[PDB]
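Here the structure comes first, spelled out in C-alpha cells, and everything after it is commentary.
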Amino acid sequence: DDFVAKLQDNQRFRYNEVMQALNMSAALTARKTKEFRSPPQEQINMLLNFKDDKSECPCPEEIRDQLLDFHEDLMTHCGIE
Amino acid sequence: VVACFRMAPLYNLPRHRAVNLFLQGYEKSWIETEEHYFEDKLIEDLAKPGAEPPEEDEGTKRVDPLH
C-alpha cells in the first residue's frame with residue numbers, strides 16, 4: 001500500500017519535472033518519456049528492477065531502502081536466513 | 001500512437017490496480033529470483049540414520065528417510 005503510494009507520487013513528480021524541462025531538452029525528451037509511455041506492467045518491472053545493482057532504474061535510494069528492508073524482513077519471516 | 005498518448009501512468013492508475021501490478025511484479029522479479037541452497041543439507045539430513053541409542057535394538061536395519 002504505502003510503497004506504491006510513494007512510487008506513484010514520485011512518478012507524478014518526475015513526470016512534472018520532465019515536462020518542465022521539455023523545451024530545453026527539445027528532441028531529447030524521448031528516452032526519458034519512454035518510461036512514462038509504457039504499459040503499466042512494464043512500468044512496474046522497470047521501477048522494481050533494482051534488486052542487484054543495475055542502476056538503470058529511476059527509483060531513488062530513499063524509496064529503494066523501504067523495499068530492501070521489507071524484503072529482508074520477509075526473508076527472515078520465511079526463515080531463509 | 002493516439003492510444004499510447006492517451007493512456008496514463010501509475011499516478012493516474014487506481015490505487016488497488018497499482019497494488020496488484022506491484023504484487024505481480026514483485027513476485028516475478030524479487031521472490032522468484034531469490035535463491036538459497038538447501039538441497040545438500042536436506043539430503044544429508046535425510047540420509048543420516050539417527051536415534052540409534054534410543055533404538056537400542058537394531059534387529060533389522062531400518063530404512064533411512066531418503067530410502
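Residue numbering restarts at 1 for every chain of the C-alpha cells, chains are lettered A, B, ... in their displayed order, and ligands are numbered from 1 as they appear.
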Helix (DSSP H, G or I) residues, from DSSP on the backbone, in chain A, as an NGL selection string: :A and (2-20 or 22-36 or 40-48 or 61-78)
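For chain A, the residues within 8 Å of chain B are residues 1, 4, 5, 8, 9, 11, 12, 36, 37, 38, 40, 41, 44, 45, 48, 49, 51 and 80 of chain A, with only C-alpha atoms used to measure distance.
The spacing separating atom CA of residue A:20 from atom CA of residue A:47 amounts to 21.7 Å.
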From A:81, A:56, A:72, A:61, residue lying nearest residue A:35 [only C-alpha atoms]: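 The closest residue to residue A:35 is A:56.
Considering the residues B:67, B:61, B:56, B:2 and counting only C-alpha atoms, residue B:43 has its shortest atom-to-atom contact with B:67.
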Polymer residues at most 8 Å from stretch 62-66 of chain B, only C-alpha atoms, same-chain spacing of 4 or more positions, as a compact mmCIF listing (two decimals) with N, CA, C and O atoms, in the first residue's frame:
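Ended up saving to result32.txt:
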```txt
# COMPACT_ATOMS: atom_id res chain seq x y z
N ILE B 43 19.47 -33.41 1.91
CA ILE B 43 19.75 -34.79 1.55
C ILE B 43 20.64 -35.45 2.59
O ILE B 43 20.46 -36.63 2.92
N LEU B 46 18.40 -36.27 5.52
CA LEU B 46 17.54 -37.41 5.21
C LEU B 46 18.32 -38.72 5.19
O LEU B 46 17.79 -39.76 5.58
N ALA B 47 19.58 -38.69 4.73
CA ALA B 47 20.38 -39.89 4.66
C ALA B 47 21.00 -40.27 6.00
O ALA B 47 21.46 -41.41 6.15
N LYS B 48 21.03 -39.36 6.96
CA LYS B 48 21.59 -39.69 8.27
C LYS B 48 20.68 -40.68 9.00
O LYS B 48 19.52 -40.35 9.27
N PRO B 49 21.16 -41.87 9.35
CA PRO B 49 20.39 -42.76 10.22
C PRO B 49 20.59 -42.37 11.68
O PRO B 49 21.67 -42.55 12.25
N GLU B 58 18.24 -52.57 16.93
CA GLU B 58 18.89 -52.82 15.64
C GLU B 58 18.65 -54.26 15.17
O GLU B 58 19.54 -54.91 14.63
```
